[PDB]
Amino acid sequence: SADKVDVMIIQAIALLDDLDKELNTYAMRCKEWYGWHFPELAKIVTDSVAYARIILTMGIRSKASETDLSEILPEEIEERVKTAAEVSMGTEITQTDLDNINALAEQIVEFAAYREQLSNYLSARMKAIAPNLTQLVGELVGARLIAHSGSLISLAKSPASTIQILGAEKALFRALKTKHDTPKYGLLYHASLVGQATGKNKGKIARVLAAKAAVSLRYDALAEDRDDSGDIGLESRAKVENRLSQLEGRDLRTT
Amino acid sequence: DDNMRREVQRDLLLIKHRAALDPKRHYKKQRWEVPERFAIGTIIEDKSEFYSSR
Amino acid sequence: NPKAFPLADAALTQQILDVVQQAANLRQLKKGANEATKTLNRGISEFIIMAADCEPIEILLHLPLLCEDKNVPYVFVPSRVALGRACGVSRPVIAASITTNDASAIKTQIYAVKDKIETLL
Amino acid sequence: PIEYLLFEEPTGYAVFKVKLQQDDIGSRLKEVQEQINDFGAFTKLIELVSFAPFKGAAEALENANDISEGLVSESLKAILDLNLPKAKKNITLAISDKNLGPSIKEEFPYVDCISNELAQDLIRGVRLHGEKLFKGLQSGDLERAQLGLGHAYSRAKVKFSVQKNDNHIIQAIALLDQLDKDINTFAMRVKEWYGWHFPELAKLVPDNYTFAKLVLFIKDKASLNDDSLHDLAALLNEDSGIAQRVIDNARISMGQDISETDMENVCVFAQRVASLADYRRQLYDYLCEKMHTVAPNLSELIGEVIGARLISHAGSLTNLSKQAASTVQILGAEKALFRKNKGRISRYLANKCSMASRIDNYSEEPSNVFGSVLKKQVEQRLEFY
Amino acid sequence: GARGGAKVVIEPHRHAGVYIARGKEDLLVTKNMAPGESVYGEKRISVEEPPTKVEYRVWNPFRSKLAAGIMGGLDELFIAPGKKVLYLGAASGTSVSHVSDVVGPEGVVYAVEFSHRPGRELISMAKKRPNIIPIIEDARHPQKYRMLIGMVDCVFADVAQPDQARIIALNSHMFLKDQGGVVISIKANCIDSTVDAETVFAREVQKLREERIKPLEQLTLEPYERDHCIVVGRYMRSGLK
RNA sequence: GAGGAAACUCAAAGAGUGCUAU
RNA sequence: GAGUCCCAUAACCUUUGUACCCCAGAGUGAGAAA
RNA sequence: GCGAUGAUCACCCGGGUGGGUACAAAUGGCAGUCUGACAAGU
């Protein structure tokens, strides 16, 4: 079925990482380029997309007097740029200069728009190719796991121990050879469930989450007539949450 | 870090005793105890001196 | 106001070329712009002579930026064609520089013109 | 005998009144000098009576020019008139600059200006405490206004202009090639993505930019019509015959059909690639125009892009002009910009690039007349060797 | 020696904001306000720190007299983090950029120069360094740019004129704090070539003393320059006794 | 004797700094 | 029980392939052509 | 009908070896995919 091919996940995630790098690069460029005209904006507004949107709304510091930045910026931020505008050290620019830099701001926002479109597309794919994991571990983590193995079957063949430390190979193999201590979390650390845990409970839930992840995956990968519902993931998610609740409930300190 | 990576350990040991490294050089006399704050960094060449010092 | 500035008068040009023409005999003279550019960065130059009639004059206006950044006196003179005759080379010279040597036989002559040059600037 | 003090702040003019006059005989005694440092004692000496902020950035510069030249501005005239009482005798006003004194006296015959050390000490005290003396009055922050105003006052007399500015060249270069890698990287991804659906077509149209447009039209291979064949035939030319091949290969291919959501990403992603090529061609033209304006001699002598790259290596057009001929040669010796007889032209041409940079860099509005003949000189040498 | 792909151990210097990069050789090094480029082609260090790539710039004594002054072993350098500095004689960013490096983002550098041709470059450098304000103006008349200057905790002068001492007095009087720093570089040949350098060096010192500057230190800039010293003083209005 | 850990703990002092201390 | 957190989506080395290179550098400084 | 606005300047038997810069590929190497019955309460 066209809706159950994992080669698309591995391409999308690779593309998603590439977009972040390139979108970041251009962000500094509009910062420095318009930084010529108005260097102070970068310190005030750090967000690249917000930085670009300001440029589209107002082009020149003179426009800051009348232009309204409420939708882009809160009240205290928008007033600060206005004060910076009239007291700016930057030099004036031509409209031909203005047009090109404005196109960059248009370029920035469009890729910010596409990046979310790719993110939504990736989520839809996983919920069709591996619904249970998206329920248990999540979308961003699951695609990266599948991409690491290169195939759903390959990761479905990875035992839970390896899934747990899938992304810590260097510290793993280094530590194993030097008779020093080994990883615990691997790629799964950026999952939600590990997040809510605290202290050493991080390691515990990582082991427990990895075990259930394999259970969900082997159902997702190999099930001949899997319903696209994630039920096995949901029930597995319930168990680990129960495991977390009792684990975090324990208090080492005497009361 | 307290790990004190061995490559950094020897490296600091090659500049404490730097006098013996080449017989023609003969630096000043300095004890050079290890400091408690330092970093390892790479000099970088500029485009004009591609030939001379790269 | 003019780009070629300051420009030595008929008199001050006179002692300059006399230093230049002799300095050539003593192998103390580097002749032409790229040698002028050469000496400034190495900081071996007393002061630099430039022709004000150079075609185009801007071909050598980079040298004063180098010269005064290194705090080296410089000056302009009317006719390139005369400088080559002083310099001893069979072609016009638009820029020339006197190299540093406290052991030169002409330290007093060079310093004499140098002092006048500083006052002119 | 000082009753009023004039102080100028980047936000505006400030006038103060001297409640108490410090001892002049012991003016240099340590205790009185310590008072100028001490706010508590200093506040007893003077008080702020009037402050007139400048309306905008422009007004500060003109007054900054006027004060530099010891001239009384309209703004300065108004504030003094409002505050200084009419005067048999003359009201005494403290001013930091003596040159300003005669100008004030001309406008106001009834005021006598003082600029002795006693005034200087008070001026020193006022400038020391700064905003603390303004007692909550809106003076902005003095440090930033100095930065902006001082920035403005600088370029004014040196006559710096955006025309001399050559950074736009440097940034666009790194932007032009940055675009080039990304369009190639993204376009290749389009080929792999659409390659699964219809792998043969990726072979048919090797030109990536053409391929993205054709994928945009041919979203699904199954849709094959004679009118569509004409439409894709209009795309590029039928001389290659690809228009017939795509219809034939589309009919018989092993490509697995992809989901509609997949297809939407392919064309939208292909749309992103098209925009960057659209901007890249726009920016490239802008580089050509800017270079002709900034460095006409280099542009004519070697070419807009090549001259642009040289400026980037030197870091600035000014940097390139300063360098000697030999340094300019090795500046472009890593990417063969300037490239035994072959080397001789390279050494020869490198000098002409160097002199041309000098002509463009220091001319307020360079022309291309010299670049034309200088290039012609190179052509004569090229034929000779 | 100090060749690109090689690595060096960068460590703090006694004067805050200055560093030593050790290795087969050592280098005086200051951290870069503006990573990714060199103002005059100087050498630069790059370190990975948690990871951000912080950069440093090498300081050439033979190009900057202040750097040579540190290396001669100057006891007190008022230029330090978070301090306002008035640099007289801002020919270019050869030394100013390094001074801007020492003060840091909190501090500022008030750069003063007269000629227009170097100022254009100073303007260009000064822009990339937000803490630098280029005051292209004559230092002999501080009243012209009093509008643009507040208090400065240290005044450094590389101005090469016969009449330096008077210039230092005016600028110190208008803008320098009490007990503030003063650092003067003196070239004997420029002032009085008739008499030996060492006589000029004493003569200028007395000019500082009558200008209410208690001079603290003087160091000859051997071997980096001939016939030069950095004189360091404190501006004590109250009394030099 | 030399030390270590914890703090909205309890004290004894030193230095500097801030805020109309009018 | 057990260092995710130094990109195994990677770094480095080896082999193969493609395209170019075998000048001085802080470059030299009056010859060249006949 | 020149020129200081700048002249001049590794190896072996026409042929093969030595070395250098940049990019691509390798299902080539490093390189070997953590452990396994106990834990928590009264």
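Residues numbered from 1 in each chain as written, not as in the entry; some residues may be left out. Chains lettered and ligands numbered in written order. Part of a larger assembly, values for the part shown. Heavy atoms only, no water. Residues with missing side-chain atoms left out of burial classes, pairs and counts.

J.: Whenever I open this one, the overall build of chain B confuses me. Can you help?
T.: Within chain B, the regular secondary structure consists of one helix and one strand. In terms of overall dimensions, chain B is more spread out than a globule: its C-alpha atoms have a radius of gyration of 15 Å, far above the 10 Å expected for 54 residues. Across its three principal axes, chain B shows a C-alpha extent of roughly 40 × 30 × 15 Å. (Helix = DSSP H or I, 4+ residues; strand = E, 2+ residues; numbered from the N terminus. Rg over C-alpha atoms; globule rule 2.2 N^0.38 Å.)

J.: What exactly am I supposed to notice about the interface of chain B and chain E here?
T.: Accessible area lost upon the coming together of the parts serves often as the stated size of an interface. If you look at the interface, chain B gives ten residues, while chain E gives 15 residues. Taken together, the residues of the side of chain B that touches chain E break down into five nonpolar, three polar and two charged. In the sheet, strand β1 (residues 39-44) of chain B pairs with strand β1 (residues 7-12) of chain E via four bridges, with the strands oriented antiparallel. Directly across from B:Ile40, in β1(E), lies its bridge partner E:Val9. (Contact = heavy atoms within 4.5 Å. Nonpolar A, V, L, I, M, F, W, Y, C, P; charged D, E, K, R; others polar. Pairing = 2+ DSSP bridges.)

J.: Sorry if this is basic, but what is going on with the sheet that holds strand β1 (residues 29-31) of chain C here?
T.: Strands belonging to one sheet form pairs held by backbone hydrogen bonds; the direction of such a pair is parallel or antiparallel. Residues and elements named next belong to chain C. With respect to topology, four strands assemble into an open sheet ordered β1-β4-β2-β3, the strand pairing being mixed. In this open sheet, the two edge strands, each paired with only one partner strand, are β1 and β3 (74-77). Strand-to-strand twist of the sheet, defined as the mean angle between neighbouring strand axes without regard to direction, takes the value 20 degrees. Sheet analysis places β1 next to strand β4 (residues 95-99), joined by three bridges and oriented antiparallel. (Axes fitted to C-alpha atoms, helices over the stretch in contact; angles between N-to-C directions.)

J.: Got a minute to help me understand the UniProt feature "domain: Nop" in chain A in this structure?
T.: Taking the numbering used here, the UniProt-annotated feature "domain: Nop" corresponds to residues 129-249 of chain A. What you have in residues 129-249 of chain A is 69% helix and 0% strand, and the ends, taken at the C-alpha atoms, are 35 Å apart. (UniProt positions renumbered as here; feature names shortened; annotations may be inferred.)

J.: Would you take a moment to explain unusual backbone geometry for this structure?
T.: At the junction of C:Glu55 and C:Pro56, the peptide bond is cis and its omega measures out at -15 degrees in the coordinates. Each neighbour pair has its own omega, and for E:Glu222 with E:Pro223 the value is -5 degrees, a cis peptide bond. Tracing the chain through its elements places E:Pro223 in the loop between β11 (213-220) and β12 (228-235). Phi at B:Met4 is positive, roughly 50 degrees, even though this residue is not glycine. Topologically, B:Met4 is positioned in the segment before α1 (6-16). Positive phi, close to 60 degrees, is recorded for D:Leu236, a residue that is not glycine. By the secondary structure assignment, D:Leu236 is in the loop between α11 (226-234) and α12 (242-251).

J.: Got a minute to help me understand the sheet that holds strand β7 (residues 109-113) of chain E in this structure?
T.: All names here are of chain E. The seven strands lie next to each other as β8-β7-β6-β9-β10-β12-β11, forming an open sheet whose pairing is mixed. At either end of the open sheet lies a strand with only one pairing partner, and these are β8 (132-136) and β11. Direction aside, neighbouring strands of the sheet carry axes that sit 15 degrees apart on average. Bridge count for strand β6 (residues 85-88) against β7 is four bridges, and the pairing is parallel. Considered in β7, the bridge of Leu-88 is made with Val-112. Packed on one face of the sheet, helix α4 (residues 164-175) meets β9 (152-157) and β10 (176-187) and runs near 160 degrees to β10.

J.: I'm lost on the arrangement of the chains in this one. Help?
T.: By contact count, the dominant pairing among the four pairs of chains in contact is that of chains B and E. Chain B makes no contact with chain C; the smallest distance between any of their C-alpha atoms is 14 Å. Contact between chain A and chain E is absent, and the least distance between their C-alpha atoms amounts to 9 Å.

J.: Where do I start with the pairing of strand β3 (residues 27-31) of chain E in this structure?
T.: Residue and element names in this part refer to chain E. Where strand β2 (residues 19-22) and β3 come together, three bridges link them in antiparallel fashion. Of the residues in β3, the one forming a bridge with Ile-20 is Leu-28. The hairpin turn running from β2 into β3, its antiparallel successor, is four residues long. Here β3 pairs with strand β5 (residues 52-58) via three bridges, running antiparallel. Within β5, the position partnered with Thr-30 by the bridge is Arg-57.

J.: How should the pairing of β9(E) be read in this particular structure?
T.: Each regular strand shows side chains that alternate between the opposite faces of the sheet. All names here are of chain E. Here β6 pairs with β9 via four bridges, running parallel. Within the sheet, the bridge partner assigned to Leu-88 lies in β9 and is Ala-157. Between the parallel elements β9 and β10, the chain passes through α4 in a crossover that is right-handed. (Right-handed = clockwise from strand over helix to strand, strands pointing away.)

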